[PDB]
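To start, the structure under review is shown below, and the notes come after it.
Number of protein chains: 6
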Amino acid sequence: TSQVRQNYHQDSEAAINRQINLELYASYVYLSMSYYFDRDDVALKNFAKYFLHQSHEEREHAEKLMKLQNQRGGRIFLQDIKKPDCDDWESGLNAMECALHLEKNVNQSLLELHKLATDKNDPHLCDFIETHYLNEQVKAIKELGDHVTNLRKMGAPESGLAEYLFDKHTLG
Amino acid sequence: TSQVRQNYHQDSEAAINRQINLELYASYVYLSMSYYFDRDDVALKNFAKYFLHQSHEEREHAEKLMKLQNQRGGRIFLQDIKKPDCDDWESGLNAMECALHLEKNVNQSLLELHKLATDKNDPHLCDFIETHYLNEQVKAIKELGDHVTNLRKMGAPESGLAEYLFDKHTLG
Amino acid sequence: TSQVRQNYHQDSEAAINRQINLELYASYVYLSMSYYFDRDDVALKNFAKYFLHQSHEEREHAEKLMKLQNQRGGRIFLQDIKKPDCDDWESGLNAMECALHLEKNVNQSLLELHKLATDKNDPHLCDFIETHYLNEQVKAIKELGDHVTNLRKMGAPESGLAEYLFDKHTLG
Amino acid sequence: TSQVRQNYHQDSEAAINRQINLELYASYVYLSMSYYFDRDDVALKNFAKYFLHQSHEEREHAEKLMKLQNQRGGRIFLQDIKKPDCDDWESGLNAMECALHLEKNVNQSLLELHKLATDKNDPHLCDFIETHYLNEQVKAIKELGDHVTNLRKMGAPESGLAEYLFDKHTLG
Amino acid sequence: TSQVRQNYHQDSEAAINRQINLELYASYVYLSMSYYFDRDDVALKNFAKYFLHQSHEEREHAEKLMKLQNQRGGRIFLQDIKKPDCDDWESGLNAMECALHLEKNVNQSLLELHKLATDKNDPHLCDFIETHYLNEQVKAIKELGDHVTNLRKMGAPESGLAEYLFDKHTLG
Amino acid sequence: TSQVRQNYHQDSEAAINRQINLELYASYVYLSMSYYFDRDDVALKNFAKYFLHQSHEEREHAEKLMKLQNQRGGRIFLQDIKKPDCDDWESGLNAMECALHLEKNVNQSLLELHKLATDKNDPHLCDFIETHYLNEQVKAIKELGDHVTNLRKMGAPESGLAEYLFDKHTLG
């Protein structure tokens, strides 16, 4: 019934609201990770800075989908942001692996959303997803895979020197 | 028979020529609207400035399509630019509503053009439409819907104060 | 019935509307010419730039007459902009000759308009036509005649080298 | 068992975690409000900007309490962020009144937290709450009360002109 | 088996490796052309500069596809770069025509690659091809067609003055 | 039969063409190495940057010999650029050792070329090889030997920390 709505299916609107909830959840997971590494018994400041920056980026992604929802005449329906799976992320390597798993989950959701927008013949939504989300997801997954590989090769879970030097040289 | 033509169907060429005429028509409609608000008995200078700017933008859109037609080896066939439906646009609110209706007409034509380019397997034409036209149309429709909503809430057709203050504060 | 209208005859108003239509037609003809020289099988970029600049100038001329029509309390009545006579302008020399013919048509219409404004004793309209249109028309006709002479002396229709070097040295 | 923990009671730690959840909830409520006013049928851009700025401020407040929790050797335990009470905030005045109610809820929670820290003889926590939260809350409550008063005096729920001019002059 | 691979079919990976080989081949063809025009018995310095610039561009295109292959978790498999078809390119016009034929070959390969990525439902690969390759190919084909048209109209193969002046004025 | 050719034997011309092919091959080997270290399961960015820089340098060396071939009136005859020996370079140390072996191969070819130019009494070709290639080769071999020594002393193939810190401190 919106005066600006055109070629915007209800299923696309619902999937955009689900993706908003997902992006907000990812922001909250990265916030949890960031303040894990700020703990006195962990104390990796550049890990904390990295994951805080990621949480702010995911908040920006969610706000951009909300802006899209209003642009197409859809209506934003927000849900509870579930707490993350862990309070103790146990190491820098484990947190990078969980971040990698999370970003691949987000990517898969975006590919489902693009498939839906293609099936409903919504070229503006397809192009929005392609230009603003898919390449950013691919780049994030590649960066996290690079970090996981470098931590593993340096012997990260056993050797705290590996996590320390990675914090200094890569994330610093 | 053009030496540069590749993967460019005749139906796509004809639809691009129709879209060129459509964009030129929209430019002429906005020119009419702009000099309606320049009338002494109407006298809304920022409405006039807004619609003149829109007229020039639509001319740029048409020239971009013509450029595309030459880039793909198609041949531009121009038609008469029909005169707009009204000479008297009757109010700022009415003109914004007519502009909204016009932009949704333009958007529907572009979505038909994208569906045609998808059916003819022309990825360059699809990406051209997505990157240069679709988002711009969505943004224009959202802006015009915002203006119509603000004018209606201010009591625009009865109260000339509403049109005056909208001219000053939003369009100024 | 306009509160601003003074010494402005109805025949002058109708002739101004006809001149607006004619300036818009000239702008559309120059747009056609400009994208003719942008074609891959023609490819004279500075001819295209020259005629695009002329189309924008003619649009400015039309908008200035519309501004005059509102200044004097007349009412703008727009008509269809007819398509130009040709889609294929066949050469740079032929397009310059057609442009020359067009500008002399525009000039003759303006001289008819000045004769009408003189007969109706409208000194403001006479001075408007003299200051903004007549000297610009004679300068345009002189420039186009210069271009036609230079192309003909260079052997333009047979020798493509003439059109090429004119594109580079005069229009570039 | 933290090596940094000194004079930091478990009840204070639990109340800090509750306050973190409450600040995150407030950020999510303001995000909801901000994109309500971004809707095409509402379209108050400066209301949207104001509430988005408030959401970012509440996120900063939550991150500062998380930083405090790590500074004192407490452990952050995050909970679900509940969805806000409304999706449709119905007007600028209603949203300001709900924001006022929310900020007074946040202030009451902070006063309970200060009473707890006073009863547990934790001067650092008391001073943290006083310097970073209490003045900011009373300034926020005073500003929102000012906005509510100005909207009501302008006749906000009936007259959309009041909301429009408040959006322009106070929030703009 | 790559930790970053998601929605990336093996056939897409193989087609990306074929496209890498083809871009490297095109770079080598343009290198051959560039040093043809550097010969003492040909001596067209701006033709040489133009084709050397094209060879460096094609090298950049190949490196960007290799980057893409690593980003998606595919594995680069390089092949022999075949020698170009000619050592003697015989004229500036013939070299421009061969360059045009080459770019249309590259464009057809990219359209096959986009059709494959569309059939395998890989939106990131489709968007990568659209944003980085298709419009660049269309622009290159249009530019080369323009050059071929201008050389032919100037009488290029018989008249060396045509090639000389084109070298100076268009490519210089 | 070239008007420029003087004191330039056919055997020297053939050996210059062989050296061009060898420099292009070396550029392609370094390109392969560079995008090996860009892989997600390798992820040594400064190794990738180093070998990409080397590939561009070898391309410059090849273009300089092509320029020499045209300067002396010889004629460039290009051959296929063979694919490198490996797709998987297995470690930073192994890639540095292969690069060292490659540069010593290139150096031996250049010494054969200088011996040929000395035997044919071509002082310009001898001086060209001495000034532009021989000192650059011995500097490259010395640098690669330094890198291999430093990697071996740090325990490179077993310890990934060695490769990581070398990537950061020496190549970064």
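Residue numbers (the entry's author numbering), protein chains in the order written: chain N, 1 to 172; chain U, 1 to 172; chain J, 1 to 172; chain I, 1 to 172; chain K, 1 to 172; chain G, 1 to 172.
Using N, Cα and C, we set each Cβ at its ideal position, and we do this for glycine too.
### Query
Comparing alpha-carbon positions, which option in U/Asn46, U/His9, U/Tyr28, U/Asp146 lies nearest U/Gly172?
Position 172 of the second sequence, counted from the start, is the residue given in the question as residue 172 of chain U. Closest by alpha carbon: U/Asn46.
### Task
Check the Cβ-Cβ distances between J/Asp11 and every residue of chain K, and say whether any is below 8 Å.
Residue numbering aside, residue 11 of chain J sits at position 11 when the third sequence is read from its first letter. Cβ-Cβ to chain K under 8 Å: no for J/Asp11.
### Query
Between which two residues does the alpha helix (DSSP H) containing N/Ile76 stretch?
Position 76 of the first sequence, counted from the start, is the residue given in the question as residue 76 of chain N. Counting along the chain, N/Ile76 falls outside any alpha helix (DSSP H), and DSSP gives it neither H nor E.
### Query
How should N/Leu161 be labelled, buried or exposed, when 16 other C-beta atoms within 10 angstroms of its C-beta is the threshold for buried?
As a working note, residue 161 of chain N is residue 161 in the first sequence. When all chains shown are included, N/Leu161 counts as exposed.
### Message
Starting from G/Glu90, trace the alpha helix (DSSP H) in both directions and tell me its first and last residue.
### Response
As a first step, residue 90 of chain G must be located in the sixth sequence, where it is residue number 90. Note, G/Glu90: premise wrong, no alpha helix (DSSP H); not H, not E.
### Query
How would you call J/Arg5, buried or exposed, if buried means at least 16 neighbouring beta carbons within 10 angstroms?
Numbered from its first residue, the third sequence carries residue 5 of chain J at position 5. By the neighbour-count rule (16 or more Cβ atoms within 10 Å), J/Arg5 is not buried but exposed.
### Query
G/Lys64 to K/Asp88, Cα distance in whole Å?
To locate residue 64 of chain G, count along the sixth sequence from 1; it is residue 64. To locate residue 88 of chain K, count along the fifth sequence from 1; it is residue 88. So the alpha carbons of these two residues sit roughly 20 Å apart.
### Per-residue contacts from N/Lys153 into chain G (C-beta, under 8 Å)
In the first sequence, residue 153 of chain N corresponds to position 153, counting from 1. Those within 8 Å of N/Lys153 in chain G are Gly160, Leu161, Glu163, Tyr164.
### Query
Exposed or buried, what is G/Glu112 when buried is set at 16 or more other beta-carbons lying within 10 Å of its beta-carbon?
Taking the first residue of the sixth sequence as position 1, residue 112 of chain G is located at position 112. Exposed, because fewer than 16 other Cβ atoms sit within 10 Å of the Cβ of G/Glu112.
### Query
Which value, in whole angstroms, describes the spacing of the CA atoms of K/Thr118 and U/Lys104?
For the purposes of this step, residue 118 of chain K is taken as the residue at position 118 of the fifth sequence. For the purposes of this step, residue 104 of chain U is taken as the residue at position 104 of the second sequence. Going by the C-alpha atoms only, they are around 29 Å apart.
### Task
Examine chain U for any beta-carbon lying closer than 8 Å to the beta-carbon of N/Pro123, and answer yes or no.
Here residue 123 of chain N refers to the residue found at position 123 of the first sequence. Taking Cβ atoms only, chain U reaches closer than 8 Å to N/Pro123, which makes this a yes.
### Message
Among the candidates G/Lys67, G/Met154, G/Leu144, whose CA atom is the shortest distance from the CA of G/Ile16?
### Response
Reading the sixth sequence from its first residue, position 16 is the one you call residue 16 of chain G. Comparing Cα-Cα distances from G/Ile16 to each of G/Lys67, G/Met154, G/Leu144, the minimum goes to G/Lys67.
### Task
Flag U/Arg39 as yes if its beta-carbon sits less than 8 Å from any beta-carbon of chain J, otherwise no.
Within the second sequence, numbered from 1, the residue matching residue 39 of chain U stands at position 39. With 8 Å as the cut-off, U/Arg39 counts as an interface residue toward chain J.
### Message
On the DSSP bridge list, what partners appear for N/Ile81?
### Response
Position 81 of the first sequence, counted from the start, is the residue given in the question as residue 81 of chain N. N/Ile81 pairs with I/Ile81.
### Query
What are the residues of the segment 109-141 of chain N that lie near chain G, defined by any Cβ-Cβ distance shorter than 7 Å?
none
### Message
Please confirm whether U/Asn7 has its beta-carbon closer than 8 Å to some beta-carbon of chain K.
### Response
Taking the second sequence and counting its residues from 1, the one referred to as residue 7 of chain U is at position 7. Yes, because at least one Cβ of chain K sits closer than 8 Å to the Cβ of U/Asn7.
### Message
Give me the chain J residues within the contact set of U/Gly73, using Cβ-Cβ distance strictly less than 8 Å, ordered along the chain.
### Response
Numbered from 1 along the second sequence, position 73 holds the residue referred to as residue 73 of chain U. The answer, in chain order, is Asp40.
### Cβ neighbours of J/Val42 in the same chain (closer than 7 Å, five flanking residues each side left out)
Counting from one through the third sequence, the residue named residue 42 of chain J turns up at place 42. Around J/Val42: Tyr36.
### Task
Within its chain, find whatever has a CB closer than 7 Å to the CB of I/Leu22; leave out the 5 residues flanking it on each side and keep chain order.
In the fourth sequence, the residue the question calls residue 22 of chain I occupies position 22. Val106, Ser109, listed in sequence order.
### Endpoints, the alpha helix (DSSP H) within which G/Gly145 is located
Position 145 of the sixth sequence, counting from 1, holds the residue named residue 145 of chain G. Residues 135-153.
#### Entry: Identity of the residue in K/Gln3, K/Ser12, K/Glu143, K/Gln71 nearest residue 180 of chain K by Cα
The structure shown does not extend to residue 180 of chain K, since chain K is modelled only from 1 to 172, so the question has no answer here.
### Task
Assign N/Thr1 to one of two classes, buried (16 or more other C-beta atoms within 10 Å of its C-beta) or exposed (fewer than that).
Here residue 1 of chain N is taken as the residue at index 1 of the first sequence, counted from 1. Under this definition N/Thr1 is an exposed residue.
### Task
Tell me, please, whether the CB atom of U/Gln19 is closer than 8 Å to any CB atom in chain K?
Sequence index remark: in the second sequence, residue 19 of chain U carries index 19 (1-based). Chain K, which has no Cβ nearer than 8 Å to the Cβ of U/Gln19, makes this no.
### Task
Could you tell me whether the segment 23-32 of chain G touches the segment 138-151 of chain G, using the rule of 3 or more Cβ pairs below 8 Å?
no
### Task
Enumerate in chain order the residues of its own chain whose CB-to-CB distance from N/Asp122 is below 8 Å, with the five nearest sequence positions on each side excluded.
To locate residue 122 of chain N, count along the first sequence from 1; it is residue 122. So the list reads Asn7, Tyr8, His9, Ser12, once near-sequence residues are dropped.
### Query
Which of the three DSSP states, helix, strand or coil, is assigned to N/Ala43?
Along the first sequence, read from residue 1 onward, the residue named residue 43 of chain N stands at position 43. It is coil, neither helix nor strand.
### Query
Is K/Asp80 buried or exposed, if buried means 16 or more other CB atoms sit within 10 Å of its CB?
If you number the fifth sequence from 1, residue 80 of chain K lands on position 80. With fewer than 16 other Cβ atoms within 10 Å, it is exposed.
### Message
At the level of alpha carbons, what is the spacing between N/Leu102 and U/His101?
### Response
Working through the first sequence from its first residue, we reach residue 102 of chain N at position 102. Working through the second sequence from its first residue, we reach residue 101 of chain U at position 101. Computed Cα separation, rounded: 43 Å.
### Task
Would you check whether the ligand SAH has a heavy atom nearer than 7 Å to the C-beta of J/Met96?
Summarising the ligand content, the structure contains no ligands, and the ligand SAH is consequently not present.
#### Entry: Where N/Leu102 falls: helix, strand or coil (DSSP)
For the purposes of this step, residue 102 of chain N is taken as residue 102 along the first sequence, with counting starting at 1. Correct three-state label for N/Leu102: helix.
#### Entry: Beta carbon proximity, J/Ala26 to chain K, threshold 8 Å
What you label residue 26 of chain J is simply residue 26 of the third sequence in a count that begins at 1. It does not; no Cβ of chain K falls within 8 Å.
### Message
Whole angstroms are fine: how far does the CA of J/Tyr25 sit from the CA of J/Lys83?
### Response
The residue labelled residue 83 of chain J in the question sits at position 83 within the third sequence. The residue labelled residue 25 of chain J in the question sits at position 25 within the third sequence. So the two alpha carbons sit approximately 8 Å from each other.
### Message
Would U/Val106 pass as an interface residue toward chain K - the criterion being a Cβ-Cβ separation below 8 Å?
### Response
As a first step, residue 106 of chain U must be located in the second sequence, where it is residue number 106. No, its Cβ sits nowhere closer than 8 Å to a Cβ of chain K.
### Task
Determine, using beta carbons only, whether K/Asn150 comes closer than 8 Å to chain J.
Counted from its first residue, the fifth sequence places residue 150 of chain K at position 150. With 8 Å as the cut-off, K/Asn150 counts as an interface residue toward chain J.
### Message
Residues in the same chain with beta-carbon distance under 8 Å from U/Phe166, minus the five sequence neighbours each way, listed in chain order, please.
### Response
For the purposes of this step, residue 166 of chain U is taken as residue 166 along the second sequence, with counting starting at 1. So the qualifying residues of the chain are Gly92, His147, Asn150, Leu151, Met154, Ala156.
### Task
With 9 Å as the limit, tell me which residues of the segment 41-65 of chain I have their beta carbon closer than that to any beta carbon of chain U; keep them in chain order.
Correct list: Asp41, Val42, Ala43, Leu44, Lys45.
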